[PDB]
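K.L.:
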Amino acid sequence: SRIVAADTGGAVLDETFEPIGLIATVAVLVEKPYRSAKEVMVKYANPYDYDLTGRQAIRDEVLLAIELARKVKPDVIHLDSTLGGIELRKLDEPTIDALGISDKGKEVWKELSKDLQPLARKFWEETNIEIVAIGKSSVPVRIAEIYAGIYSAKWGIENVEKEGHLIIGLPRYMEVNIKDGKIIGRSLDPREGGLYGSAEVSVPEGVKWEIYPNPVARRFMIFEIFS
Amino acid sequence: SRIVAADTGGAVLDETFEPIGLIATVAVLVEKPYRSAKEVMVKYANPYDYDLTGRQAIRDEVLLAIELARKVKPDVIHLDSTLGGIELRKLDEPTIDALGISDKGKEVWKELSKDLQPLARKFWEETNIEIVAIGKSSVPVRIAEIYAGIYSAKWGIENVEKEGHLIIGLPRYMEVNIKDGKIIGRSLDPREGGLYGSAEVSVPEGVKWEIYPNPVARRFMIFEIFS
Amino acid sequence: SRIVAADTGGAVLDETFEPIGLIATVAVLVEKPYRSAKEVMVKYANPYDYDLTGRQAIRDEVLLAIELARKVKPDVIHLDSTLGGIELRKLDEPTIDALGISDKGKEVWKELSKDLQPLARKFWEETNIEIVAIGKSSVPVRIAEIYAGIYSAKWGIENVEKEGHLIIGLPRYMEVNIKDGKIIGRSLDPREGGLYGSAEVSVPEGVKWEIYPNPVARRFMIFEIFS
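Protein chains in written order, with our numbering: chain A, 102 to 328; chain B, 102 to 328; chain C, 102 to 328.
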């Protein structure tokens with residue numbers, strides 16, 4: 102089985118540790134043994150002027166996953182939305198209103214559905230690839246979240262000159278390490294079976310970074326970067 | 102304190118990673134320091150022709166635990182069913198109907214109790230050993246579930262000739278390793294405090310096995326076997 | 102950012118593993134990189150003649166945190182109560198009756214707030230330090246809980262002559278190790294990012310200790326001490 106999955110992302114934080122905007126969306130291709138990505142694509146947002154309210158995030162994920170799936174032709178796309186295991190193709194207002202999710206969730210999806218559902222139908226019609234809202238039980242979605250963290254740290258090493266100082270909130274329970282030109286990212290949860298990832302990075306001279314727990318977000322780490 | 106507990110089991114999966122049937126039921130005797138089994142007994146089911154619907158599994162566990170408990174005479178049996186520590190002896194329809202579980206749960210139990218309650222009562226009358234429905238908080242229940250994974254793996258090594266290829270779904274967050282005739286099973290969650298188990302196995306010539314994350318069940322591993 | 106937090110505690114258990122009373126209340130000063138305490142203060146309860154019913158524990162916590170905060174002057178105090186991060190200062194009956202917690206939770210807090218709310222208000226008026234009911238998401242609160250575990254162990258090494266035998270239930274998923282006059286305590290959960298802490302201990306001649314899983318409370322350890 103060969104799976105494409107997408108996720109956003111790390112976050113730029115305040116001094117207060119409050120998030121101001123998300124950084125990276127990543128789409129990944131995952132095959133046996135399902136511990137890492139075979140292939141990756143990335144799209145960076147503007148974490149300043151990002152609306153944390155609403156889901157520009159899921160819109161970008163679907164879009165990016167479709168793009169990579171056209172290239173790599175997986176059997177299926179996994180979407181990070183825990184809706185059962187349902188096909189995005191079939192998410193019209195009626196089937197949404199029959200879902201076992203909160204009323205607030207239903208409203209959010211009806212707005213999303215207006216364009217995402219025709220998009221998934223068209224994509225399916227010409228590729229036969231389903232987009233399944235499986236969410237939390239998907240290992241590829243988790244791998245994509247690790248990569249979103251990895252490329253958020255990359256976006257931080259790279260953008261720390263423009264900005265003077267960067268506080269980046271990493272996705273849940275993951276660590277990032279930089280040695281000799283590459284960034285390696287890992288789940289901190291051994292229960293997930295050794296999920297990891299990698300990317301190349303060019304470290305400007307004299308930039309330092311530390312990784313440590315976010316005191317106000319337990320189980321999340323901070324990646325802090327100085328110039 | 103000396104405790105007996107039982108649990109089923111590992112699963113045979115198809116190519117879609119959907120379970121077709123459970124494999125091993127194991128009862129274990131656990132004593133200080135409560136990290137492993139002092140003694141074990143095993144009953145294999147037929148994973149093909151197995152009804153995943155319903156609960157032949159809990160019926161087999163009670164039956165196996167009772168068998169082992171007559172032999173080793175523990176102080177108590179832990180049953181993998183989270184009701185609030187209640188003795189199976191006293192689970193008649195009226196007490197069930199006042200339990201704090203879902204209505205669907207109450208119906209399963211009423212059916213189950215029809216024969217399991219006289220059984221637990223009879224067994225207690227002659228042994229004074231209770232069967233407590235404690236479930237999730239029980240370490241010996243978790244240790245039993247690791248052994249069920251270990252013996253599902255053993256079942257896999259030894260049944261991999263008849264069947265040409267075998268995909269086994271392990272119980273949550275546990276790994277299996279085979280060295281030199283023994284399968285070692287271990288929890289992957291360090292929070293549980295180093296739970297582990299062991300069994301002997303004779304690995305047929307030229308069979309290979311891999312272990313990797315179940316892509317569609319996060320935090321569950323696959324034990325894959327070839328002939 | 103510099104944070105004070107408090108928590109109770111470890112527990113003395115009978116032979117059934119049922120708790121009879123809480124042992125240590127600890128306040129800690131936590132700063133970057135938020136993995137440990139910069140400074141600690143402790144207050145032991147009498148675990149015999151302790152009322153597990155109600156919350157003398159949260160009262161002693163606020164009291165102890167305030168005491169340490171007067172000394173080290175952090176920006177904020179984290180309180181171990183998951184109320185949404187509301188300031189203890191403002192917890193009167195009306196705002197409590199509008200919180201999204203259970204009705205049982207509202208009543209406990211109404212009783213608590215009768216003295217805790219004037220207390221927080223007085224303290225704020227002369228210090229400008231808030232006490233925030235942030236709870237579960239707070240790393241400093243989890244670090245205080247590791248320290249309460251560590252000092253419960255200390256309390257056990259030093260009270261094991263008076264009482265012949267001591268069984269101590271450590272806080273959730275944490276281990277304790279003693280080498281050369283030092284107790285080191287660690288979270289067992291790697292997802293937390295390496296939280297740890299330390300205390301000095303004088304181990305009386307010929308006392309023994311063991312750490313192992315509590316069979317009836319999964320993910321909680323026992324610290325068992327002999328004289």
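For every residue, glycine included, the Cβ atom is placed at its ideal position computed from N, Cα and C.
Near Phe-118 (chain B), what residues of its chain come up, given a Cβ to Cβ distance below 8 Å and the 5 sequence neighbours on each side ignored?
P.N.:
Contacts found: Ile-268, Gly-270, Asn-315, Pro-316, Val-317, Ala-318, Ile-323.
K.L.:
What in chain B is Cβ-close to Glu-293 (chain A), meaning under 9 Å?
P.N.:
Here the neighbours are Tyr-274, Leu-289, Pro-314, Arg-319, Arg-320.
K.L.:
Assuming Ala-125 (chain A) and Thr-109 (chain A) are in contact, meaning their beta carbons sit under 8 Å apart, how far apart are those beta carbons, in whole angstroms?
P.N.:
That belief holds up - the Cβ atoms of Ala-125 (chain A) and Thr-109 (chain A) are roughly 7 Å apart, short of 8 Å.
K.L.:
On the criterion of 16 or more Cβ atoms from any shown chain inside 10 Å, does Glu-293 (chain B) qualify as buried, or is it exposed?
P.N.:
So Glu-293 (chain B) counts as buried.
K.L.:
Chain C beta carbons: is any one of them nearer than 8 Å to that of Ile-104 (chain B)?
P.N.:
True, the Cβ-Cβ gap to chain C drops below 8 Å.
K.L.:
Who does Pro-314 (chain A) pair with in a DSSP beta bridge?
P.N.:
Answer is A:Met-322, bridged to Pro-314 (chain A).
K.L.:
Distance cutoff 8 Å, beta carbons only. Does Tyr-135 (chain A) sit that close to anything in chain B?
P.N.:
Yes - at least one Cβ of chain B is within 8 Å of the one on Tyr-135 (chain A).
K.L.:
Helix, strand or coil for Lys-144 (chain B)? Go by DSSP, reduced to three states.
P.N.:
Strand at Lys-144 (chain B).
K.L.:
Could you tell me the alpha carbon to alpha carbon distance between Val-240 (chain B) and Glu-276 (chain C), rounded to whole angstroms?
P.N.:
One C-alpha to the other measures close to 17 Å.
K.L.:
Check whether the Cβ atoms of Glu-132 (chain A) and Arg-103 (chain A) lie closer than 8 Å to each other.
P.N.:
Contact: yes.
K.L.:
Less than 8 Å between the C-beta atoms of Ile-178 (chain C) and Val-233 (chain C), yes or no?
P.N.:
In this structure, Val-233 (chain C) lies closer than 8 Å to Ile-178 (chain C) by Cβ.
K.L.:
In terms of residue numbering, what span does the beta strand (DSSP E) encompassing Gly-270 (chain A) cover?
P.N.:
266-270 is the extent of the beta strand (DSSP E) around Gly-270 (chain A).
K.L.:
With a CB to CB cut of under 7 Å and the five nearest residues on each side skipped, what residues in its chain are close to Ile-251 (chain A)?
P.N.:
Excluding residues within five positions, the ones whose Cβ falls inside 7 Å are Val-277, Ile-284, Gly-286, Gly-298, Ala-300.
K.L.:
Near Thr-228 (chain A), which residues of its chain fall below 8 Å by C-beta distance, leaving aside the five closest residues on each side in sequence?
P.N.:
Closer than 8 Å at the Cβ level, and outside the excluded window around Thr-228 (chain A), lie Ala-170, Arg-171, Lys-174.
K.L.:
Quick check on the DSSP output: the beta strand (DSSP E) that includes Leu-169 (chain B) runs from which residue to which?
P.N.:
Here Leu-169 (chain B) belongs to no beta strand (DSSP E); instead the alpha helix (DSSP H) covers 157-173.
K.L.:
At a CB distance below 8 Å, what residues from the segment 233-244 of chain B approach chain C? Give them in sequence order.
P.N.:
Of all residues in the segment 233-244 of chain B, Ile-235, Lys-237, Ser-238, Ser-239, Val-240, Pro-241, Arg-243 have a Cβ within less than 8 Å of some Cβ in chain C.
K.L.:
Alpha carbon to alpha carbon, what distance is there between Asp-193 (chain C) and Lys-211 (chain C)?
P.N.:
C-alpha separation (whole angstroms): 7 Å.
K.L.:
What residues from the segment 103-133 of chain A come within 8 Å of chain B, judged by C-beta to C-beta, listed N to C?
P.N.:
Those would be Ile-104, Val-131, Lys-133, in chain order.
K.L.:
Taking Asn-278 (chain B) as part of the alpha helix (DSSP H), name the residues at either end of that continuous run.
P.N.:
From DSSP, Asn-278 (chain B) is part of no alpha helix (DSSP H) but of the beta strand (DSSP E) over 275-280.
K.L.:
Does the beta-carbon of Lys-280 (chain A) have 16 or more other beta-carbons within 10 angstroms, so that it is buried, or is it exposed?
P.N.:
Per the 10 Å Cβ criterion, exposed.
K.L.:
Which residues in chain A have a C-beta closer than 9 Å to the C-beta of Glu-246 (chain B)? List them in chain order.
P.N.:
Within 9 Å Cβ-Cβ: nothing; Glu-246 (chain B) doesn't reach chain A, min ~14 Å.
K.L.:
Considering only the beta carbon of each residue, do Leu-180 (chain A) and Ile-247 (chain A) sit closer than 8 Å?
P.N.:
Not a contact, by the Cβ cut-off of 8 Å.
K.L.:
I'd like the span of the alpha helix (DSSP H) that includes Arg-222 (chain C), first residue to last.
P.N.:
Element bounds for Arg-222 (chain C): 204-228.
K.L.:
Just to check, is the beta-carbon of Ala-112 (chain A) closer than 7 Å to a non-hydrogen atom of the ligand ATP?
P.N.:
Of ligands this structure carries none, so the ligand ATP is not represented either.
K.L.:
Is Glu-208 (chain C) close to chain B, meaning its C-beta is less than 8 Å from at least one C-beta of that chain?
P.N.:
No, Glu-208 (chain C) lies away from the interface with chain B (no Cβ there is under 8 Å from its Cβ).
K.L.:
Please state the DSSP three-state secondary structure of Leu-130 (chain C).
P.N.:
It is a strand residue.
K.L.:
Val-242 (chain B) and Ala-106 (chain B) - do their beta-carbons sit closer together than 8 Å?
P.N.:
The answer is yes: Cβ separation under 8 Å.
K.L.:
Does DSSP classify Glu-119 (chain C) as helix, strand or coil?
P.N.:
If DSSP states are grouped into helix, strand and coil, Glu-119 (chain C) belongs with coil.
K.L.:
Please report the straight-line C-alpha distance between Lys-191 (chain B) and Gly-185 (chain B), rounded to a whole angstrom.
P.N.:
C-alpha separation (whole angstroms): 12 Å.
K.L.:
Could you tell me which of B:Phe-224, B:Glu-325, B:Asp-161 sits nearest to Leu-213 (chain B), measuring between CA atoms?
P.N.:
Closest option to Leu-213 (chain B), Cα to Cα, is B:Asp-161.
K.L.:
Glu-311 (chain B) versus chain A: which residues are under 8 Å apart at the beta carbon?
P.N.:
In chain order: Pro-134.
K.L.:
Closest to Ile-121 (chain A) by C-alpha separation, out of A:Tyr-151, A:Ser-253, A:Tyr-274, would be which residue?
P.N.:
Closest by alpha carbon: A:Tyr-151.
K.L.:
In this structure, does DSSP put residue 399 (chain C) in helix, strand or coil?
P.N.:
Any question about residue 399 (chain C) goes unanswered here, given that chain C covers just 102 to 328.
K.L.:
So the alpha helix (DSSP H) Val-105 (chain C) belongs to, where does it begin and stop?
P.N.:
From DSSP, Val-105 (chain C) is part of no alpha helix (DSSP H) but of the beta strand (DSSP E) over 103-109.
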